[PDB]
Amino acid sequence: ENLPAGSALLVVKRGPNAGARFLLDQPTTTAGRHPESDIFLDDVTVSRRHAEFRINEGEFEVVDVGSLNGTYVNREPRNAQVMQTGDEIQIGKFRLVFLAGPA
Amino acid sequence: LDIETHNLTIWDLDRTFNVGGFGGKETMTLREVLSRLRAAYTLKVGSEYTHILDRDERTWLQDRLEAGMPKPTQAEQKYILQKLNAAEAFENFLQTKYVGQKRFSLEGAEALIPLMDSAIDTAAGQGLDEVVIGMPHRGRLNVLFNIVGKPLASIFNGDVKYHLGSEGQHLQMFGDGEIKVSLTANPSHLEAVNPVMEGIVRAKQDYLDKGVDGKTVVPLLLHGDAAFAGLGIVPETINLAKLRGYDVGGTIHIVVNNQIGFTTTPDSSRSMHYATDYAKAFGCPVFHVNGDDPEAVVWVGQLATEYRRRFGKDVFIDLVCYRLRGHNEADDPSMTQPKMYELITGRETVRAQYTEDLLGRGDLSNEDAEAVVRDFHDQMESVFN
Ligand SMILES: Cc1ncc(C[n+]2csc(CCOP(=O)(O)OP(=O)(O)O)c2C)c(N)n1
Ligand SMILES: [Mg+2]
């Protein structure tokens with residue numbers, strides 16, 4: 001919409017902090033239960049270091065960094081995946097939706 | 001249960017007999033018949049169901065018990081290990097950071113946390129609205145943090161924390177279900193919450209107004225073994241279950257059987273064989289389960305919640321565990337029961353035993369195995385920040 005060019009957005013569909021918005025605009029962004037995480041998701045089901053979101057030549061990827069419960073993209077377990085708009089990402093009991101920006 | 005009592009010998013083990021549809025077969029050998037009966041009725045789950053009078057509800061239980069516990073997936077297995085890690089992490093924080101909490105310890109009975117979670121999750125998948133919990137002191141703060149979902153800040157800041165009520169939400173890991181969870185207030189007088197909790201559930205059902213086909217608020221009630229057999233309020237409240245103004249669609253009962261009162265043993269506590277023998281007066285099923293086999297505990301929770309929704313009657317679970325410490329802060333339990341506390345002192349925990357069993361069935365990869373170790377350190381660092 002009014003998002004800067006080359007950026008993207010994640011929005012919490014289901015979870016305690018539902019409606020929260022996060023901005024992907026730097027080469028690596030960390031997500032876990034560690035209090036110094038970029039995307040801080042406090043629950044027993046999330047691991048301290050759980051996944052990273054990486055932007056490489058204007059292309060957005062999710063990567064599992066060794067969690068117990070794993071990461072799911074559209075109710076299917078994955079180790080790495082390139083995301084298209086409107087994809088559901090599950091980290092623990094949190095469910096997030098990915099929205100791209102202008103090119 | 002001995003083959004000699006029925007005039008059969010070792011010489012009959014490999015002969016074939018007509019069995020009338022047992023194990024979905026017309027014929028079978030005595031060796032095969034004995035194998036199946038022992039797998040179904042003599043391992044980690046003991047069932048009492050043949051006293052029930054209705055033929056359809058006796059056959060439903062028979063078919064499920066003789067099919068056996070389904071083999072759980074790897075994902076399911078790791079979710080059970082994460083709940084045991086959280087339970088034990090919180091017990092350690094309470095014992096170290098605060099004093100006079102030895103009375104209220106859950107050490108010996110940590111499988112309670114995955115049993116309660118199994119039942120609440122099964123109810124969310126059925127599409128129901130709320131679960132109302134009533135219980136005594138033992139394990140209360142653990143249930144507030146791991147089942148209701150309150151923050152640590154809220155718990156640790158008139159009357160004490162051990163008697164006030166709370167509310168929270170339960171989302172479903174591998175589904176799309178949500179459900180409310182409530183905890184009722186109570187005094188130190190044992191079993192006085194039983195009738196008060198039932199009344200709260202009926203008022204909430206009446207407000208939703210969904211008719212006889214409804215009954216969408218589930219009562220979950222926790223007892224101790226000595227109080228359940230001894231106090232008369234317990235059977236007085238079960239007698240209201242099927243009456244016109246009082247029916248709430250069944251109650252799931254959990255008796256925590258740690259084989260001791262305060263300084264008193266079961267021999268001097270009851271004249272019944274089991275503590276859960278009031279069930280045979282009211283025509284309801286009983287499941288006895290070993291508190292050191294967590295996969296069997298999660299199955300019994302599921303089966304009990306499914307029986308309530310189908311038949312609308314009460315169901316009783318006996319969780320056989322032990323009490324690691326004494327009831328007082330500074331009191332020796334070997335003073336009165338020395339022989340029992342020879343067996344208890346210096347055991348491995350249920351968490352430790354289950355971790356050793358998963359890492360020795362060779363299902364897990366190298367990357368997967370490292371993660372199981374690191375999970376217990378994560379839960380600890382989180383609580384002690
Ligand atoms: C009505 C009533 N009678 C007696 C007591 C005293 N009391 C406090 S704890 C306790 C022992 C209860 O043992 P049990 O029910 O087996 O559970 P445990 O605490 O061992 O888990 C007793 C008798 C009480 N609190 N309330
Ligand atoms: Mg007891």
# chains A, B, ... in the order shown; residues from 1 in each chain; ligands from 1
>>> closest_atom_pairs(of="chain B", to="chain A", cutoff="12 Å", atoms="only C-alpha atoms", output="JSON lines")
{"residue": "B:74", "atom": "CA", "partner": "A:69", "partner_atom": "CA", "distance": 9.9}
{"residue": "B:75", "atom": "CA", "partner": "A:69", "partner_atom": "CA", "distance": 6.9}
{"residue": "B:76", "atom": "CA", "partner": "A:69", "partner_atom": "CA", "distance": 9.4}
{"residue": "B:77", "atom": "CA", "partner": "A:69", "partner_atom": "CA", "distance": 10.3}
{"residue": "B:78", "atom": "CA", "partner": "A:68", "partner_atom": "CA", "distance": 7.2}
{"residue": "B:79", "atom": "CA", "partner": "A:69", "partner_atom": "CA", "distance": 7.3}
{"residue": "B:80", "atom": "CA", "partner": "A:69", "partner_atom": "CA", "distance": 11.1}
{"residue": "B:81", "atom": "CA", "partner": "A:68", "partner_atom": "CA", "distance": 10.0}
{"residue": "B:82", "atom": "CA", "partner": "A:45", "partner_atom": "CA", "distance": 7.7}
{"residue": "B:83", "atom": "CA", "partner": "A:44", "partner_atom": "CA", "distance": 8.3}
{"residue": "B:84", "atom": "CA", "partner": "A:44", "partner_atom": "CA", "distance": 11.3}
{"residue": "B:85", "atom": "CA", "partner": "A:44", "partner_atom": "CA", "distance": 9.8}
{"residue": "B:86", "atom": "CA", "partner": "A:44", "partner_atom": "CA", "distance": 7.5}
{"residue": "B:87", "atom": "CA", "partner": "A:44", "partner_atom": "CA", "distance": 10.8}
{"residue": "B:89", "atom": "CA", "partner": "A:44", "partner_atom": "CA", "distance": 11.4}
{"residue": "B:90", "atom": "CA", "partner": "A:44", "partner_atom": "CA", "distance": 11.8}
{"residue": "B:145", "atom": "CA", "partner": "A:44", "partner_atom": "CA", "distance": 10.2}
{"residue": "B:146", "atom": "CA", "partner": "A:44", "partner_atom": "CA", "distance": 8.6}
{"residue": "B:147", "atom": "CA", "partner": "A:44", "partner_atom": "CA", "distance": 11.2}
{"residue": "B:149", "atom": "CA", "partner": "A:43", "partner_atom": "CA", "distance": 9.3}
{"residue": "B:150", "atom": "CA", "partner": "A:43", "partner_atom": "CA", "distance": 11.0}
{"residue": "B:151", "atom": "CA", "partner": "A:43", "partner_atom": "CA", "distance": 9.9}
{"residue": "B:152", "atom": "CA", "partner": "A:42", "partner_atom": "CA", "distance": 11.8}
{"residue": "B:168", "atom": "CA", "partner": "A:16", "partner_atom": "CA", "distance": 10.3}
{"residue": "B:169", "atom": "CA", "partner": "A:16", "partner_atom": "CA", "distance": 8.7}
{"residue": "B:170", "atom": "CA", "partner": "A:15", "partner_atom": "CA", "distance": 9.8}
{"residue": "B:171", "atom": "CA", "partner": "A:93", "partner_atom": "CA", "distance": 7.0}
{"residue": "B:172", "atom": "CA", "partner": "A:93", "partner_atom": "CA", "distance": 7.3}
{"residue": "B:173", "atom": "CA", "partner": "A:93", "partner_atom": "CA", "distance": 5.5}
{"residue": "B:174", "atom": "CA", "partner": "A:93", "partner_atom": "CA", "distance": 8.7}
{"residue": "B:175", "atom": "CA", "partner": "A:75", "partner_atom": "CA", "distance": 9.9}
{"residue": "B:176", "atom": "CA", "partner": "A:14", "partner_atom": "CA", "distance": 9.5}
{"residue": "B:177", "atom": "CA", "partner": "A:14", "partner_atom": "CA", "distance": 10.8}
{"residue": "B:178", "atom": "CA", "partner": "A:14", "partner_atom": "CA", "distance": 10.1}
{"residue": "B:364", "atom": "CA", "partner": "A:68", "partner_atom": "CA", "distance": 11.6}
{"residue": "B:366", "atom": "CA", "partner": "A:66", "partner_atom": "CA", "distance": 11.3}
{"residue": "B:367", "atom": "CA", "partner": "A:66", "partner_atom": "CA", "distance": 7.4}
{"residue": "B:368", "atom": "CA", "partner": "A:68", "partner_atom": "CA", "distance": 7.4}
{"residue": "B:369", "atom": "CA", "partner": "A:68", "partner_atom": "CA", "distance": 9.5}
{"residue": "B:370", "atom": "CA", "partner": "A:66", "partner_atom": "CA", "distance": 8.8}
{"residue": "B:371", "atom": "CA", "partner": "A:68", "partner_atom": "CA", "distance": 5.6}
{"residue": "B:372", "atom": "CA", "partner": "A:68", "partner_atom": "CA", "distance": 6.8}
{"residue": "B:373", "atom": "CA", "partner": "A:68", "partner_atom": "CA", "distance": 9.8}
{"residue": "B:374", "atom": "CA", "partner": "A:68", "partner_atom": "CA", "distance": 8.8}
{"residue": "B:375", "atom": "CA", "partner": "A:68", "partner_atom": "CA", "distance": 7.2}
{"residue": "B:376", "atom": "CA", "partner": "A:47", "partner_atom": "CA", "distance": 10.4}
{"residue": "B:377", "atom": "CA", "partner": "A:48", "partner_atom": "CA", "distance": 9.8}
{"residue": "B:378", "atom": "CA", "partner": "A:48", "partner_atom": "CA", "distance": 6.3}
{"residue": "B:379", "atom": "CA", "partner": "A:44", "partner_atom": "CA", "distance": 7.3}
{"residue": "B:380", "atom": "CA", "partner": "A:44", "partner_atom": "CA", "distance": 10.9}
{"residue": "B:381", "atom": "CA", "partner": "A:48", "partner_atom": "CA", "distance": 9.3}
{"residue": "B:382", "atom": "CA", "partner": "A:33", "partner_atom": "CA", "distance": 8.0}
{"residue": "B:383", "atom": "CA", "partner": "A:44", "partner_atom": "CA", "distance": 10.3}
{"residue": "B:385", "atom": "CA", "partner": "A:35", "partner_atom": "CA", "distance": 9.4}
>>> residues_near_ligand(ligand="ligand 2", cutoff="10 Å", atoms="only C-alpha atoms and all ligand atoms", output="PDB file with N, CA, C and O atoms, in the first residue's frame")
ATOM      1  N   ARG B 138      -2.584 -28.477  46.161  1.00  0.00           N
ATOM      2  CA  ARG B 138      -1.424 -29.178  45.559  1.00  0.00           C
ATOM      3  C   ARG B 138      -1.407 -28.947  44.057  1.00  0.00           C
ATOM      4  O   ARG B 138      -2.305 -29.453  43.372  1.00  0.00           O
ATOM      5  N   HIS B 223      -9.456 -34.156  42.811  1.00  0.00           N
ATOM      6  CA  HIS B 223      -9.553 -34.614  44.218  1.00  0.00           C
ATOM      7  C   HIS B 223      -8.233 -35.235  44.666  1.00  0.00           C
ATOM      8  O   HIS B 223      -7.441 -35.611  43.794  1.00  0.00           O
ATOM      9  N   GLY B 224      -8.044 -35.397  45.975  1.00  0.00           N
ATOM     10  CA  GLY B 224      -7.039 -36.270  46.605  1.00  0.00           C
ATOM     11  C   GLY B 224      -7.670 -37.543  47.108  1.00  0.00           C
ATOM     12  O   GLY B 224      -8.872 -37.511  47.377  1.00  0.00           O
ATOM     13  N   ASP B 225      -6.898 -38.612  47.266  1.00  0.00           N
ATOM     14  CA  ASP B 225      -7.414 -39.990  47.457  1.00  0.00           C
ATOM     15  C   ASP B 225      -8.092 -40.138  48.815  1.00  0.00           C
ATOM     16  O   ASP B 225      -9.150 -40.780  48.867  1.00  0.00           O
ATOM     17  N   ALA B 226      -7.529 -39.566  49.872  1.00  0.00           N
ATOM     18  CA  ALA B 226      -8.040 -39.692  51.245  1.00  0.00           C
ATOM     19  C   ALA B 226      -9.360 -38.949  51.374  1.00  0.00           C
ATOM     20  O   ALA B 226     -10.295 -39.506  51.965  1.00  0.00           O
ATOM     21  N   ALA B 227      -9.440 -37.742  50.831  1.00  0.00           N
ATOM     22  CA  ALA B 227     -10.626 -36.873  50.918  1.00  0.00           C
ATOM     23  C   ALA B 227     -11.779 -37.465  50.117  1.00  0.00           C
ATOM     24  O   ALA B 227     -12.930 -37.314  50.554  1.00  0.00           O
ATOM     25  N   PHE B 228     -11.490 -38.122  49.004  1.00  0.00           N
ATOM     26  CA  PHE B 228     -12.504 -38.661  48.077  1.00  0.00           C
ATOM     27  C   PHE B 228     -13.253 -39.815  48.715  1.00  0.00           C
ATOM     28  O   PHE B 228     -14.473 -39.904  48.491  1.00  0.00           O
ATOM     29  N   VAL B 255      -8.705 -38.230  40.293  1.00  0.00           N
ATOM     30  CA  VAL B 255      -8.223 -38.528  41.668  1.00  0.00           C
ATOM     31  C   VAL B 255      -6.717 -38.758  41.611  1.00  0.00           C
ATOM     32  O   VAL B 255      -6.311 -39.730  40.973  1.00  0.00           O
ATOM     33  N   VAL B 256      -5.937 -37.911  42.279  1.00  0.00           N
ATOM     34  CA  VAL B 256      -4.457 -37.982  42.378  1.00  0.00           C
ATOM     35  C   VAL B 256      -4.115 -38.859  43.572  1.00  0.00           C
ATOM     36  O   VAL B 256      -4.235 -38.398  44.706  1.00  0.00           O
ATOM     37  N   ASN B 257      -3.692 -40.083  43.298  1.00  0.00           N
ATOM     38  CA  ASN B 257      -3.551 -41.196  44.260  1.00  0.00           C
ATOM     39  C   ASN B 257      -2.068 -41.360  44.559  1.00  0.00           C
ATOM     40  O   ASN B 257      -1.408 -42.128  43.853  1.00  0.00           O
ATOM     41  N   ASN B 258      -1.571 -40.633  45.554  1.00  0.00           N
ATOM     42  CA  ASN B 258      -0.141 -40.619  45.940  1.00  0.00           C
ATOM     43  C   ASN B 258       0.065 -41.508  47.161  1.00  0.00           C
ATOM     44  O   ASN B 258       1.133 -41.408  47.781  1.00  0.00           O
ATOM     45  N   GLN B 259      -0.921 -42.340  47.488  1.00  0.00           N
ATOM     46  CA  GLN B 259      -0.782 -43.511  48.384  1.00  0.00           C
ATOM     47  C   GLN B 259      -0.483 -43.060  49.823  1.00  0.00           C
ATOM     48  O   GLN B 259       0.139 -43.848  50.566  1.00  0.00           O
ATOM     49  N   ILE B 260      -0.931 -41.859  50.215  1.00  0.00           N
ATOM     50  CA  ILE B 260      -0.695 -41.263  51.568  1.00  0.00           C
ATOM     51  C   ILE B 260      -1.610 -40.041  51.755  1.00  0.00           C
ATOM     52  O   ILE B 260      -1.830 -39.310  50.767  1.00  0.00           O
ATOM     53  N   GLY B 261      -2.117 -39.838  52.977  1.00  0.00           N
ATOM     54  CA  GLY B 261      -2.927 -38.666  53.369  1.00  0.00           C
ATOM     55  C   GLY B 261      -2.045 -37.512  53.816  1.00  0.00           C
ATOM     56  O   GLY B 261      -1.692 -36.675  52.961  1.00  0.00           O
ATOM     57  N   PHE B 262      -1.707 -37.474  55.110  1.00  0.00           N
ATOM     58  CA  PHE B 262      -0.757 -36.515  55.739  1.00  0.00           C
ATOM     59  C   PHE B 262       0.357 -37.326  56.419  1.00  0.00           C
ATOM     60  O   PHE B 262       1.515 -37.253  55.957  1.00  0.00           O
ATOM     61  N   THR B 264      -0.927 -40.590  57.316  1.00  0.00           N
ATOM     62  CA  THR B 264      -1.929 -41.692  57.329  1.00  0.00           C
ATOM     63  C   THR B 264      -1.870 -42.439  55.992  1.00  0.00           C
ATOM     64  O   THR B 264      -1.753 -41.764  54.948  1.00  0.00           O
ATOM     65  N   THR B 265      -1.962 -43.772  56.034  1.00  0.00           N
ATOM     66  CA  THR B 265      -1.857 -44.686  54.864  1.00  0.00           C
ATOM     67  C   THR B 265      -3.246 -45.201  54.491  1.00  0.00           C
ATOM     68  O   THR B 265      -4.157 -45.155  55.314  1.00  0.00           O
ATOM     69  N   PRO B 266      -3.453 -45.694  53.243  1.00  0.00           N
ATOM     70  CA  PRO B 266      -4.766 -46.158  52.780  1.00  0.00           C
ATOM     71  C   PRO B 266      -5.485 -47.216  53.634  1.00  0.00           C
ATOM     72  O   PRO B 266      -6.702 -47.263  53.580  1.00  0.00           O
ATOM     73  N   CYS B 321       0.588 -42.168  41.346  1.00  0.00           N
ATOM     74  CA  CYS B 321       1.868 -41.443  41.431  1.00  0.00           C
ATOM     75  C   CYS B 321       2.400 -41.573  42.857  1.00  0.00           C
ATOM     76  O   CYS B 321       1.965 -42.504  43.545  1.00  0.00           O
ATOM     77  N   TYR B 322       3.305 -40.702  43.299  1.00  0.00           N
ATOM     78  CA  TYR B 322       3.793 -40.655  44.700  1.00  0.00           C
ATOM     79  C   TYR B 322       4.064 -39.211  45.132  1.00  0.00           C
ATOM     80  O   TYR B 322       3.955 -38.307  44.294  1.00  0.00           O
ATOM     81  N   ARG B 323       4.355 -39.009  46.418  1.00  0.00           N
ATOM     82  CA  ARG B 323       4.662 -37.700  47.042  1.00  0.00           C
ATOM     83  C   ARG B 323       6.123 -37.716  47.475  1.00  0.00           C
ATOM     84  O   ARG B 323       6.446 -38.481  48.399  1.00  0.00           O
TER      85      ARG B 323
END
>>> atom_distance(atom1="CA of residue 198 (chain B)", atom2="CA of residue 140 (chain B)")
19.5 Å
>>> select_by_dssp(residues="region 4-52 of chain A", states="strand (DSSP E)", output="compact mmCIF listing (two decimals) with C-alpha atoms, in the first residue's frame")
# COMPACT_ATOMS: atom_id res chain seq x y z
CA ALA A 8 7.25 -6.36 3.38
CA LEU A 9 4.93 -6.91 6.39
CA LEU A 10 3.83 -9.74 8.79
CA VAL A 11 0.48 -9.49 10.73
CA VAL A 12 -0.61 -11.79 13.64
CA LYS A 13 -3.86 -13.57 12.59
CA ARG A 14 -4.12 -15.93 15.66
CA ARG A 21 2.21 -5.63 12.81
CA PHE A 22 5.98 -6.21 12.11
CA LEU A 23 8.14 -4.68 9.29
CA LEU A 24 10.69 -6.72 7.22
CA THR A 28 18.18 -10.60 8.44
CA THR A 29 15.39 -10.43 11.10
CA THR A 30 15.26 -12.96 14.01
CA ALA A 31 12.06 -14.40 15.60
CA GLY A 32 11.87 -16.34 18.92
CA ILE A 39 10.04 -10.33 16.50
CA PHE A 40 9.48 -11.26 20.22
CA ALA A 51 13.43 -18.86 12.68
CA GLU A 52 14.97 -16.06 10.54
>>> residues_around(residues="residue 123 (chain B)", least_positions_apart="2", cutoff="10 Å", atoms="only C-alpha atoms", output="PDB file with N, CA, C and O atoms, in the first residue's frame")
ATOM      1  N   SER B 118      -4.617 -32.548  27.581  1.00  0.00           N
ATOM      2  CA  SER B 118      -5.191 -33.500  26.605  1.00  0.00           C
ATOM      3  C   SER B 118      -6.702 -33.332  26.564  1.00  0.00           C
ATOM      4  O   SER B 118      -7.261 -33.234  25.456  1.00  0.00           O
ATOM      5  N   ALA B 119      -7.331 -33.263  27.731  1.00  0.00           N
ATOM      6  CA  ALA B 119      -8.787 -33.153  27.911  1.00  0.00           C
ATOM      7  C   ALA B 119      -9.294 -31.814  27.378  1.00  0.00           C
ATOM      8  O   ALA B 119     -10.310 -31.818  26.651  1.00  0.00           O
ATOM      9  N   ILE B 120      -8.626 -30.714  27.713  1.00  0.00           N
ATOM     10  CA  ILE B 120      -9.024 -29.344  27.292  1.00  0.00           C
ATOM     11  C   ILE B 120      -8.895 -29.238  25.782  1.00  0.00           C
ATOM     12  O   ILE B 120      -9.769 -28.597  25.170  1.00  0.00           O
ATOM     13  N   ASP B 121      -7.896 -29.869  25.186  1.00  0.00           N
ATOM     14  CA  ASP B 121      -7.657 -29.807  23.726  1.00  0.00           C
ATOM     15  C   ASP B 121      -8.724 -30.607  22.993  1.00  0.00           C
ATOM     16  O   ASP B 121      -9.170 -30.148  21.933  1.00  0.00           O
ATOM     17  N   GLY B 125     -11.764 -29.305  20.156  1.00  0.00           N
ATOM     18  CA  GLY B 125     -12.003 -29.934  18.854  1.00  0.00           C
ATOM     19  C   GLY B 125     -13.436 -30.352  18.681  1.00  0.00           C
ATOM     20  O   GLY B 125     -13.866 -30.477  17.530  1.00  0.00           O
ATOM     21  N   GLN B 126     -14.142 -30.604  19.777  1.00  0.00           N
ATOM     22  CA  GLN B 126     -15.578 -30.959  19.779  1.00  0.00           C
ATOM     23  C   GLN B 126     -16.421 -29.718  19.515  1.00  0.00           C
ATOM     24  O   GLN B 126     -17.571 -29.885  19.109  1.00  0.00           O
ATOM     25  N   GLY B 127     -15.897 -28.527  19.763  1.00  0.00           N
ATOM     26  CA  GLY B 127     -16.556 -27.261  19.426  1.00  0.00           C
ATOM     27  C   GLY B 127     -17.240 -26.614  20.605  1.00  0.00           C
ATOM     28  O   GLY B 127     -18.120 -25.775  20.357  1.00  0.00           O
ATOM     29  N   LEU B 128     -16.828 -26.918  21.836  1.00  0.00           N
ATOM     30  CA  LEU B 128     -17.511 -26.487  23.077  1.00  0.00           C
ATOM     31  C   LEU B 128     -16.987 -25.121  23.502  1.00  0.00           C
ATOM     32  O   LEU B 128     -16.005 -24.678  22.914  1.00  0.00           O
ATOM     33  N   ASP B 129     -17.597 -24.503  24.516  1.00  0.00           N
ATOM     34  CA  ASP B 129     -17.487 -23.051  24.815  1.00  0.00           C
ATOM     35  C   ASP B 129     -16.532 -22.753  25.972  1.00  0.00           C
ATOM     36  O   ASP B 129     -15.784 -21.781  25.847  1.00  0.00           O
ATOM     37  N   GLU B 130     -16.557 -23.517  27.060  1.00  0.00           N
ATOM     38  CA  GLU B 130     -15.745 -23.232  28.267  1.00  0.00           C
ATOM     39  C   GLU B 130     -15.433 -24.510  29.038  1.00  0.00           C
ATOM     40  O   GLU B 130     -16.186 -25.468  28.898  1.00  0.00           O
ATOM     41  N   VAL B 131     -14.349 -24.509  29.818  1.00  0.00           N
ATOM     42  CA  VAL B 131     -13.989 -25.545  30.830  1.00  0.00           C
ATOM     43  C   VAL B 131     -13.821 -24.851  32.178  1.00  0.00           C
ATOM     44  O   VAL B 131     -13.036 -23.910  32.234  1.00  0.00           O
ATOM     45  N   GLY B 177      -9.290 -24.731  16.766  1.00  0.00           N
ATOM     46  CA  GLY B 177     -10.211 -24.572  17.903  1.00  0.00           C
ATOM     47  C   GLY B 177      -9.655 -23.662  18.979  1.00  0.00           C
ATOM     48  O   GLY B 177      -8.436 -23.686  19.194  1.00  0.00           O
ATOM     49  N   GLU B 178     -10.526 -22.891  19.632  1.00  0.00           N
ATOM     50  CA  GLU B 178     -10.252 -22.083  20.841  1.00  0.00           C
ATOM     51  C   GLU B 178     -11.238 -22.495  21.925  1.00  0.00           C
ATOM     52  O   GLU B 178     -12.282 -23.037  21.566  1.00  0.00           O
ATOM     53  N   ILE B 179     -10.928 -22.254  23.201  1.00  0.00           N
ATOM     54  CA  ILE B 179     -11.854 -22.514  24.337  1.00  0.00           C
ATOM     55  C   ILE B 179     -11.437 -21.672  25.536  1.00  0.00           C
ATOM     56  O   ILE B 179     -10.237 -21.513  25.733  1.00  0.00           O
ATOM     57  N   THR B 216     -22.571 -27.452  26.728  1.00  0.00           N
ATOM     58  CA  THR B 216     -21.303 -27.055  26.073  1.00  0.00           C
ATOM     59  C   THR B 216     -20.394 -26.295  27.035  1.00  0.00           C
ATOM     60  O   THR B 216     -19.590 -25.491  26.560  1.00  0.00           O
ATOM     61  N   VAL B 217     -20.506 -26.537  28.336  1.00  0.00           N
ATOM     62  CA  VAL B 217     -19.543 -26.076  29.367  1.00  0.00           C
ATOM     63  C   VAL B 217     -19.151 -27.292  30.196  1.00  0.00           C
ATOM     64  O   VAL B 217     -20.040 -27.847  30.849  1.00  0.00           O
ATOM     65  N   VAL B 218     -17.875 -27.676  30.185  1.00  0.00           N
ATOM     66  CA  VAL B 218     -17.364 -28.959  30.737  1.00  0.00           C
ATOM     67  C   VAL B 218     -16.845 -28.737  32.141  1.00  0.00           C
ATOM     68  O   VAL B 218     -15.932 -27.941  32.316  1.00  0.00           O
ATOM     69  N   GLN B 302      -8.111 -38.237  26.455  1.00  0.00           N
ATOM     70  CA  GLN B 302      -8.862 -38.114  25.187  1.00  0.00           C
ATOM     71  C   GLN B 302     -10.101 -38.994  25.229  1.00  0.00           C
ATOM     72  O   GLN B 302     -11.178 -38.512  24.845  1.00  0.00           O
ATOM     73  N   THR B 305     -12.981 -37.723  27.601  1.00  0.00           N
ATOM     74  CA  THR B 305     -13.665 -36.533  27.051  1.00  0.00           C
ATOM     75  C   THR B 305     -14.586 -36.959  25.910  1.00  0.00           C
ATOM     76  O   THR B 305     -15.653 -36.343  25.775  1.00  0.00           O
ATOM     77  N   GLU B 306     -14.239 -37.989  25.153  1.00  0.00           N
ATOM     78  CA  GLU B 306     -15.083 -38.524  24.060  1.00  0.00           C
ATOM     79  C   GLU B 306     -16.274 -39.282  24.633  1.00  0.00           C
ATOM     80  O   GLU B 306     -17.349 -39.202  24.028  1.00  0.00           O
ATOM     81  N   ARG B 309     -19.134 -36.819  25.812  1.00  0.00           N
ATOM     82  CA  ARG B 309     -19.880 -36.131  24.737  1.00  0.00           C
ATOM     83  C   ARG B 309     -20.889 -37.075  24.107  1.00  0.00           C
ATOM     84  O   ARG B 309     -21.916 -36.571  23.624  1.00  0.00           O
TER      85      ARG B 309
END
>>> select_by_dssp(residues="region 92-263 of chain B", states="helix (DSSP H, G or I)", output="PyMOL selection string")
chain B and resi 92-97+112-126+140-148+152-155+194-208+225-230+233-238
>>> residues_around(residues="residue 1 (chain A)", least_positions_apart="3", cutoff="9 Å", atoms="only C-alpha atoms", output="JSON, numbers by chain")
{"A": [4, 101, 102]}
>>> write_last_selection(atoms="C-alpha atoms", output="short mmCIF file (atom, residue, chain, number, x, y, z; two decimals), in the first residue's frame")
data_model
loop_
_atom_site.label_atom_id
_atom_site.label_comp_id
_atom_site.auth_asym_id
_atom_site.auth_seq_id
_atom_site.Cartn_x
_atom_site.Cartn_y
_atom_site.Cartn_z
CA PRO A 4 8.44 1.50 0.97
CA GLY A 101 5.20 -4.21 -0.95
CA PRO A 102 5.82 -2.33 -4.25
#
>>> atom_distance(atom1="CA of residue 195 (chain B)", atom2="CA of residue 215 (chain B)")
17.7 Å
>>> residues_around(residues="residue 77 (chain A)", least_positions_apart="3", cutoff="12 Å", atoms="only C-alpha atoms", output="number ranges by chain")
A: 62-64, 69-74, 80-81, 88-91; B: 75
>>> atom_distance(atom1="CA of residue 357 (chain B)", atom2="CA of residue 300 (chain B)")
20.4 Å
>>> residues_around(residues="residue 251 (chain B)", least_positions_apart="2", cutoff="7 Å", atoms="only C-alpha atoms", output="list in words")
residues 219, 220, 253, 314 and 315 of chain B
>>> residues_around(residues="region 57-59 of chain B", least_positions_apart="3", cutoff="12 Å", atoms="only C-alpha atoms", output="PyMOL selection string")
chain B and resi 47-54+62-66+283-285+307-308+310-313
